[PDB]
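A.B. asks: Take this structure first; my questions come after.
Where a number appears in this text, it was derived from the coordinates with a stated rule and is not lab data. In this analysis, Cβ positions are derived from the backbone assuming ideal geometry, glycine residues included, and neighbour counts consider all displayed protein chains.
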Amino acid sequence: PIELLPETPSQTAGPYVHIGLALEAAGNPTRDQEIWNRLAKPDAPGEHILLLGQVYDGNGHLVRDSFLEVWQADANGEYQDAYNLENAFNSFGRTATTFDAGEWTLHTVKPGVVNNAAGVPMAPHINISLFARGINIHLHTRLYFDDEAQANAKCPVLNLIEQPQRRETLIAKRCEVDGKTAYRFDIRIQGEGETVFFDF
Amino acid sequence: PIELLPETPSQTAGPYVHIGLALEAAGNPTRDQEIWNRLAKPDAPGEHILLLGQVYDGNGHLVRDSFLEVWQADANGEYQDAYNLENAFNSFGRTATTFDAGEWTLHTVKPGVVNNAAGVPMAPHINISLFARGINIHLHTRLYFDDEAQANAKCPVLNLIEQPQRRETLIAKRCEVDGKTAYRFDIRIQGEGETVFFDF
Amino acid sequence: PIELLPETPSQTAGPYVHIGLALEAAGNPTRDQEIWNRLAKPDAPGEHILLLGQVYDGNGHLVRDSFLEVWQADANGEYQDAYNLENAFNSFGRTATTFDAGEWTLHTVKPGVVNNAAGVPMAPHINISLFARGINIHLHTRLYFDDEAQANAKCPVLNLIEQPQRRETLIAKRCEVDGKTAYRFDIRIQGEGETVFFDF
Amino acid sequence: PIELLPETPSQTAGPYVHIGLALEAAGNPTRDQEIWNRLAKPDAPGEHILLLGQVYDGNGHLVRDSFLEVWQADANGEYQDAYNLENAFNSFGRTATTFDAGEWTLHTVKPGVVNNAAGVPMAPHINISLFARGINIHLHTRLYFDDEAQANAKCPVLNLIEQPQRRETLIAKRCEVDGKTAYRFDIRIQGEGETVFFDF
Amino acid sequence: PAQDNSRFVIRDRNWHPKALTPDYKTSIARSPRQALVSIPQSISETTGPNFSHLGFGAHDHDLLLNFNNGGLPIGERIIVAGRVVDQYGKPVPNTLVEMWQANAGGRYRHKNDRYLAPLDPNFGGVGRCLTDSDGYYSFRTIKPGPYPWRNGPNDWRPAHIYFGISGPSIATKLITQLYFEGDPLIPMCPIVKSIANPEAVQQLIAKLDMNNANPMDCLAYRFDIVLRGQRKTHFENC
Amino acid sequence: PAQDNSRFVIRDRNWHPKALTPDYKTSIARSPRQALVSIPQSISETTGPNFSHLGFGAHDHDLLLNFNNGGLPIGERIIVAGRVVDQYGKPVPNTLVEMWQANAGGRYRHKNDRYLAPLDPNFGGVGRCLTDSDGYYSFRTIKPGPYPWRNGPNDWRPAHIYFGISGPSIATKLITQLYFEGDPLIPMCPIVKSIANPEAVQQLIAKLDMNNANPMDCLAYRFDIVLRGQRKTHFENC
Amino acid sequence: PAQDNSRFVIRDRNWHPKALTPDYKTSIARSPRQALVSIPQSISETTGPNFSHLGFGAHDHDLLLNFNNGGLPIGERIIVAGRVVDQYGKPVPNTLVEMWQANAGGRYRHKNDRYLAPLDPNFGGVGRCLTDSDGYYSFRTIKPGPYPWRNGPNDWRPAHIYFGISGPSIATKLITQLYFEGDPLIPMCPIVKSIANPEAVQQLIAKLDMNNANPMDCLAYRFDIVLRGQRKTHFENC
Ligand SMILES: [Cl-]
Ligand SMILES: [Fe+3]
Ligand SMILES: [Fe+3]
Ligand SMILES: [Fe+3]
Ligand SMILES: [Fe+3]
């Protein structure tokens, strides 16, 4: 068969990922421009929300060294790929859990609906990639929202998860942090309540 | 790199380990001198204690064919390597679980504090090696004491166990048995409450 | 390690190099345009000078079949790569020693000072490549000027020659030829007074 | 044939030999005890002499980074091998040439006569080993004395040098340094007047 | 805004390391036990950030100058350079390459690293570069040292530099580790050995590159990175 | 004027022939006995003449017509063609390739050649060509004959054509000799054997190229030339 | 005092590097052109200094502590250990082993070294040790870096430590260089290549020795040294 050049293999991001990719989270000095966890300036269109969550290992213990990258549509269902700290909205961001702050946070807007390649609407989602010590190749998942139940029930991606019980692991829970709209999305890497992880 | 002669590989002690290493426990005749479970004669200096425990597999079922070897300091924190049945104290002993007696026992004194190689005191402990059918290479653990909470908290060995919840698996529980001081140290080879095992 | 395509290996230019590269010197008919030994037309800016020399082998005998290529800055210290016979000055030229004329000549101007890559001025010099039968790969040298003693003393290239006595082999001797300023630069390929040759 | 383990191959001592073997000559701080160039305390028996010399390459240029080790009998013809800074006499010493001091010196006594293995007297000599950048395996030689002409003419080692002219290269010349008895022993590594070097 | 106009060759997850590689102890509790769920490529997966408009500092790619506290870092001066291409051999221009590492003694500039090898007051260990129009990147740094870690009782990481590469989409994004030609620690390392295929391990070994060295100055190593092959869509929804 | 913006891969002087190769007798007295002195590349070494505006005659590359005295030369009609590239595989366009050779009988048009094989009244043996925008050159000529020479008592040069190539700088300039596929004199020649590495010798052997021949007219040989790799400066004086 | 009671196996000067190795440029003018003169072993050659009574300082073998100016040196912490034996396999006890080296960046603590890689204020690079009763020595140090040198225009020494060993006599005394397992610079180095036999080169390469490492602390390398075989005299003067 046709064999292309093999892809460079993945390795773990290791315990010091933050020194390269999360400088402030590493407690080290920052450069003039850093890719971080505030996707939306206050003037960005849409509903401004806080996302937060904790990451657990197979023993139920906190992962205190994880690194997360997110990618989402803006409120108008547009992916903003021209990354710029001066943008009202960036579709891309980064966050982390650390020894001092075991719970990651992201400041964003609720993403608008985008269609899959067959033209079927997907429920509002954030694409997440999770990296850490002990994780040899990053884990892909999606964060959906518990107040989009009708859309979620019809999502062609959620419907590829065979068991309803597993679909629930991807649904973030609406709450309030210091009185502001937030959604909590905890990730369980292994075992009871294991979060669905994707391949694509 | 430099490669030495390889170590002879381990194999399981098998179901009849007691015929070779625990003759009385095997229900077989003993020789004049046997290495057994009385580390201390009545007159030995220190606090005389009874130790006991049960061993469980990954399905929570009793292991009724275990063989244990123990190594501990005297009450003064000194290891006594000159093994002799005439000694008031020996630092080494053996015990077993059998079909007739699923709970092993040891008759000893509480060990004194011993420093690590860096000069830092370790909490009082008994070194244990566990052998049985199904165990291909023996499992190393330590038995510490629940009435040594202050020392346990500062032990440089205990502190190498990353999770607090796992450190608790090495702490034996004080009780009284027929008016005499005793501690129970149960071992769980696998699964919920799995005992910490060491490599060194 | 990384291995690129190997360079095509050098071979000697052989005894008839002049038929291909010095047609007039070969006693053969010339084409309309030839690359020869007049780098400067009369009007070119700078000090007009005649250069001349003889080439000796390791037995002190004249080399009567040499081919030399030269590369030098204009009087303003700029290299002029756009080779054109209409130019008042070209930075490149060719000359030769033959059976009829064992002493090569060049008609040029004295080159201006050029800085090295570190910004340090080099003394005025002409780069020379020497080819002949018996020379398997061409020999690189530099012709400097005896009336530039102060600059020569500070030249970062001359100063890479470990021994003072060897630096003297690169210094051409000022004279007058028919009332015109000239310098003699003799080259000794081998043995007593052996000319410094460079690798770069 | 019988083949033993091969000897570890020699390499050049390199340009920085002095940092390891001639600390004071390297201009670096010394340790409490150093092996150096004063073989004899003033009370040592025999005729106290200064040895000095310069080392030349094949171009007639000074070697300004050489390192020399010497081994000689005491004045009584005894080799003193129990090296000690408190000894009246050490048969072993070290010296060097450097950028600041191109001429090495050694302070010693004139060695007494020793016999070769056949019982034949050798003329008074110092065994020398020469190390430097550019010298892949050290060069062995001997320094004999010009005021021992009768002994030199009968030396069974000198007589193994086929040519009288080459024998002369090993004869140090008596002179006076600051009015004290000295012998100069220059070494020419290569070319005209090349010093005899030994294999044994 | 971004559009869905391409597809990416599916990953070979037997070429990459698997999740559960128990010799690497931390992987035991941090590996999913359920199978990954395959999903088709949509705009969500086939797009991603482009960093052409991120403001880079003058020294962002130069670790010998980007943590300057009065001197040069101690250690082996090296250029690390290479090309980012996809599996079809097409260069990946204007893509973000980030890197980080320990100093010459194997010590990281992070509070959690308590290894007794000292910090270097002139070394931070962090760099980034955007590939040029032909897919090439380069950093200047010192060669990191190996260091011990609490895996087995005598385990040591080979000298390595972490790399992250964005590529054209979130589907292409990768983090890996670069190792150095000839390092005898490589075959011994349980993290290297998380990769089952020896040929895949070789793709992570940077080669000494004398052709790219600065004479009398610094050596060079070459590390080429291959991201998932990108193609146009064809015959979809018909 | 010319600028210093590039660097050239250092030569492998064990790939090239060494200076002292005593079986080639003339090298004995024409080889330096002191070591070459290495110097850093400066603008002096990394620039050189560009011959784009040298004015070539119509037949400068055609040795069948450039010495026409009433007829065609006698001998094997051939095209000699190839590409000039650098070690990175980059073509070298608009570069000067000069060549010269003996006639079909091994006789040179120089007064010093007294070999008894006659001169050909319609052959001069000299050519030049500027490589095109893709690095290609071509000459038309007759295949030169081998000839004897006063080295050992029965030494013969294999058939060969001399080549000189300027390239981008005085640091890339090269003279070499082209030999012909299959020639049994090649392994016997002390000038060929000045090259120690047999793989380097193979790089000087032109291959029969039937694909480039003119049927019923002339054969063709292919000789590609590789000059030193050229790169941009990086991390200098910082 | 010393006595003549032993003989030493004659050296193989085709196993050692020869004097004239012109690729190593300094050797050209520093190699004798006359043959060495062979002489028989006498007391002058078969005796030599013993250093049992030389006063060593507590840190003489520990380069991490013997140049202490307020901290530890930066770089890869290593033990270098091994055994000195003769060619008959007999250990050489109570013998002087001296060593010196550059720091982690390839910079020597000597005025003449002007390489731009900085000095380490806590590293001197000098050690000595007397072998124990079983022939063993050990040093603690940091792994030296490679460095450029003015030989060819892009020549670099592999990482190395100089060793001098006295042994039982002046006939056994040796200076050599230790190189490190897997270093890709070794095959390229003209000083290494002064040794013609590839197997002899291998005897200079220290092997990574994990068995001798201090976990969580320092790696170890093993370098065994073989001096000339020593035997009793037999059947002399009869
Ligand atoms: Cl092409
Ligand atoms: Fe890691
Ligand atoms: Fe069994
Ligand atoms: Fe020729
Ligand atoms: Fe050296």
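A.B. asks: Looking at E:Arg11 and the list (1) farther than 30 Å from A:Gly60 by Cβ; (2) within 7 Å of another protein chain (Cβ to nearest Cβ); (3) in contact with a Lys or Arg (Cβ under 8 Å, 6 or more places away or on another chain), which single condition is not satisfied?
C.D. replies: (1)
A.B. asks: Now for a separate question. Only one of (1) in a strand (DSSP E or B); (2) more than 13 Å from chain G (Cβ to nearest Cβ) fails for E:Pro148. Which number is that?
C.D. replies: Here E:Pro148 clears every test but (2).
A.B. asks: Quick one: which of C:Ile35, C:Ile49 is away from ligand 2 (no atom under 16 Å from the Cβ) and at the interface with chain F (Cβ under 9 Å from one of its Cβ atoms)?
C.D. replies: So the residue among C:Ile35, C:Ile49 that is away from ligand 2 (no atom under 16 Å from the Cβ) and at the interface with chain F (Cβ under 9 Å from one of its Cβ atoms) is C:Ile35.
A.B. asks: So F:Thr172 fits all but one of (1) away from ligand 4 (no atom under 16 Å from the Cβ); (2) under 25 Å from F:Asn66 (Cβ atoms); (3) at the interface with another protein chain (Cβ under 10 Å from one of its Cβ atoms); what number is the exception?
C.D. replies: All conditions are met except number (2).
A.B. asks: Quick check on my filter: what residues within the stretch G:183-207 are within 14 Å of chain B (Cβ to nearest Cβ) and among the β-branched types (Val, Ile, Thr)?
C.D. replies: Answer for the stretch G:183-207, where residues must be within 14 Å of chain B (Cβ to nearest Cβ) and among the β-branched types (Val, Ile, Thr): just G:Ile205.
A.B. asks: On to the next question. Are any residues in the stretch G:115-145 within 8 Å of another protein chain (Cβ to nearest Cβ) and of a type in the set (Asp, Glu), and if so, which ones?
C.D. replies: G:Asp120
A.B. asks: Report the residue count in the stretch E:25-56 for those that are of a type outside the set (S, T, N, Q), more than 7 Å from chain A (Cβ to nearest Cβ) and under 24 Å from the mean Cα position of the chain (by Cα).
C.D. replies: The total comes to 3.
A.B. asks: Can you report the number of residues in the stretch A:109-124 which are in contact with a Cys (Cβ under 7 Å, 6 or more places away or on another chain) and either free of Cβ contacts under 8 Å to residues at least 12 places away in the same chain or within 8 Å of another protein chain (Cβ to nearest Cβ) (or both)?
C.D. replies: Residues in the stretch A:109-124 being in contact with a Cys (Cβ under 7 Å, 6 or more places away or on another chain) and either free of Cβ contacts under 8 Å to residues at least 12 places away in the same chain or within 8 Å of another protein chain (Cβ to nearest Cβ) (or both): 1 in total.
A.B. asks: Can you name the residue in the stretch D:89-140 that is basic (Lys, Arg) and not in a strand (DSSP E or B) and is also farthest from ligand 2 (Cβ to nearest atom) among such residues?
C.D. replies: Looking at the filtered set, the residue picked out is D:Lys110.
A.B. asks: What is the number of the single condition among (1) among the aromatic types (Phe, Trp, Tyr); (2) over 30 Å from A:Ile19 (Cβ atoms); (3) at the interface with chain E (Cβ under 10 Å from one of its Cβ atoms) that A:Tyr144 does not meet?
C.D. replies: Of (1) among the aromatic types (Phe, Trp, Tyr); (2) over 30 Å from A:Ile19 (Cβ atoms); (3) at the interface with chain E (Cβ under 10 Å from one of its Cβ atoms), only one is false for A:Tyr144: (3).
A.B. asks: I would also like to ask the following. Of all residues being of a type in the set (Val, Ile, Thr) and closer than 23 Å to F:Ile186 by Cα in the stretch F:127-156, which is surrounded by the fewest Cβ atoms within 10 Å (Cβ to Cβ)? Just the residue, please. Can you show your working first?
C.D. replies: Narrowing the stretch F:127-156 to residues of a type in the set (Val, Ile, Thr): F:131, F:141-142.
Narrowing further to those that are closer than 23 Å to F:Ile186 by Cα: F:141-142.
Numbers: F:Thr141: 27, F:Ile142: 23.
Looking at residues that are of a type in the set (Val, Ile, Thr) and closer than 23 Å to F:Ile186 by Cα, I get F:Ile142.
A.B. asks: Starting from the stretch G:110-136, take each residue that is within 29 Å of G:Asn50 (Cα to Cα) and list its partners that are aromatic (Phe, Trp, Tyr) and outside any loop (DSSP other than H, G, I, E, B), counting only C-beta distances under 6 angstrom and pairs at least six apart or across chains.
C.D. replies: Between residues of the stretch G:110-136 that are within 29 Å of G:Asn50 (Cα to Cα) and residues that are aromatic (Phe, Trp, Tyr) and outside any loop (DSSP other than H, G, I, E, B), the close pairs are G:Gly125/G:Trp100; G:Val126/G:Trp100; G:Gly127/G:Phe139; G:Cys129/G:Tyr137; G:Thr131/G:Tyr137.
A.B. asks: Residue check: is A:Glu168 more than 12 Å from the chain's Cα centre (by Cα) and without any contact (Cβ under 8 Å) to a residue 24 or more places away in the chain? Before you say what the answer is, go through the steps one by one.
C.D. replies: Working: more than 12 Å from the chain's Cα centre (by Cα): yes; without any contact (Cβ under 8 Å) to a residue 24 or more places away in the chain: yes.
Yes: the conditions hold for A:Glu168.
A.B. asks: Tell me, yes or no, whether the stretch C:120-137 has at least one residue that is touching a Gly at 6+ places or on another chain (Cβ under 8 Å) and closer than 16 Å to F:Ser42 by Cα.
C.D. replies: yes
A.B. asks: Please indicate, with yes or no, whether at least one residue in the stretch G:169-192 is under 30 Å from D:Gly27 (Cα atoms), polar (S, T, N, Q) and not in a loop (DSSP other than H, G, I, E, B).
C.D. replies: Yes, there is a match, as at least one residue in the stretch G:169-192 is under 30 Å from D:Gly27 (Cα atoms), polar (S, T, N, Q) and not in a loop (DSSP other than H, G, I, E, B).
A.B. asks: Scan the stretch D:146-163 for residues that are under 18 Å from D:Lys110 (Cα atoms), in a loop (DSSP other than H, G, I, E, B) and without any contact (Cβ under 8 Å) to a residue 12 or more places away in the chain and report the count.
C.D. replies: 0
A.B. asks: Report every pair of residues separated by at least 6 positions or lying on different chains whose Cβ atoms are under 8 Å apart, first residue within the stretch A:66-89 and more than 9 Å from chain E (Cβ to nearest Cβ), second among the acidic types (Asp, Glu) and buried (at least 24 other Cβ atoms within 10 Å of the Cβ).
C.D. replies: The qualifying pairs are A:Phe89/A:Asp74.
A.B. asks: Report the residue count in the stretch E:57-106 for those that are more than 13 Å from chain A (Cβ to nearest Cβ), buried (at least 19 other Cβ atoms within 10 Å of the Cβ) and under 17 Å from the mean Cα position of the chain (by Cα).
C.D. replies: 4
A.B. asks: Looking at the stretch C:90-108, which of its residues are out of contact with any strand residue (DSSP E or B) (no Cβ under 9 Å at 6 or more places or on another chain) and away from chain F (no Cβ under 13 Å)?
C.D. replies: Matches in the stretch C:90-108: C:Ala101 only.
A.B. asks: Let me ask something additional. Filtering the stretch F:208-238 down to residues that are within 14 Å of chain C (Cβ to nearest Cβ) and touching a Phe, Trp or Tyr at 6+ places or on another chain (Cβ under 9 Å), which residue is surrounded by the fewest Cβ atoms within 10 Å (Cβ to Cβ)? Walk me through it before giving the result.
C.D. replies: Taking the stretch F:208-238 and keeping what is within 14 Å of chain C (Cβ to nearest Cβ), we get F:222-238.
Restricting the remaining residues to those that are touching a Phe, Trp or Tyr at 6+ places or on another chain (Cβ under 9 Å) gives F:223, F:225, F:227-231.
Numbers: F:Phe223: 26, F:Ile225: 25, F:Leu227: 26, F:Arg228: 25, F:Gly229: 21, F:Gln230: 21, F:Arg231: 16.
Once the filter is applied, the top-ranked residue is F:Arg231.
A.B. asks: May I pose another question? Go through the stretch D:37-57 and count every residue that is among the hydrophobic types (A, V, I, L, M, F, W, C) and surrounded by 20 or more Cβ atoms within 10 Å (Cβ to Cβ).
C.D. replies: 5
A.B. asks: What number of residues within the stretch C:58-88 satisfy the criterion of being surrounded by fewer than 20 Cβ atoms within 10 Å (Cβ to Cβ) and part of a strand (DSSP E or B)?
C.D. replies: Selection size over the stretch C:58-88: 2.
A.B. asks: How many of the residues making up the stretch D:16-32 are surrounded by 17 or more Cβ atoms within 10 Å (Cβ to Cβ) and in a loop (DSSP other than H, G, I, E, B)?
C.D. replies: Residues meeting the conditions: 6.
A.B. asks: Same structure again: Would you confirm, using the coordinates I've provided, whether B:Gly191 is within 14 Å of another protein chain (Cβ to nearest Cβ), among the small types (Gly, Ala, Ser), touching a residue at least 60 places away in the same chain (Cβ under 8 Å) and more than 16 Å from ligand 4 (Cβ to nearest atom)?
C.D. replies: Here the answer is yes, as B:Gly191 does meet what is asked.
A.B. asks: Inside the stretch E:28-56, can you point out the residues that are small (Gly, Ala, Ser), surrounded by 16 or more Cβ atoms within 10 Å (Cβ to Cβ) and in a loop (DSSP other than H, G, I, E, B)?
C.D. replies: E:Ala29, E:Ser31, E:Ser42, E:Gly48
A.B. asks: Also, I was wondering about something else. So which residues in the stretch C:33-56 are of a type in the set (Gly, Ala, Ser) and outside any loop (DSSP other than H, G, I, E, B), if there are any at all?
C.D. replies: In the first step, residues of the stretch C:33-56 are kept if they are of a type in the set (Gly, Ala, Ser); the result is C:40, C:44, C:46, C:53.
If the condition is that a residue be of a type in the set (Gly, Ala, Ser) and outside any loop (DSSP other than H, G, I, E, B), then C:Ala40, C:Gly53 are the ones that fit.
A.B. asks: Please tell me if D:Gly60 is over 20 Å from G:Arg107 (Cβ atoms), away from ligand 2 (no atom under 16 Å from the Cβ) and at the interface with chain G (Cβ under 10 Å from one of its Cβ atoms).
C.D. replies: Considered against the rule, which asks whether it is over 20 Å from G:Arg107 (Cβ atoms), away from ligand 2 (no atom under 16 Å from the Cβ) and at the interface with chain G (Cβ under 10 Å from one of its Cβ atoms), D:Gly60 comes out as yes.
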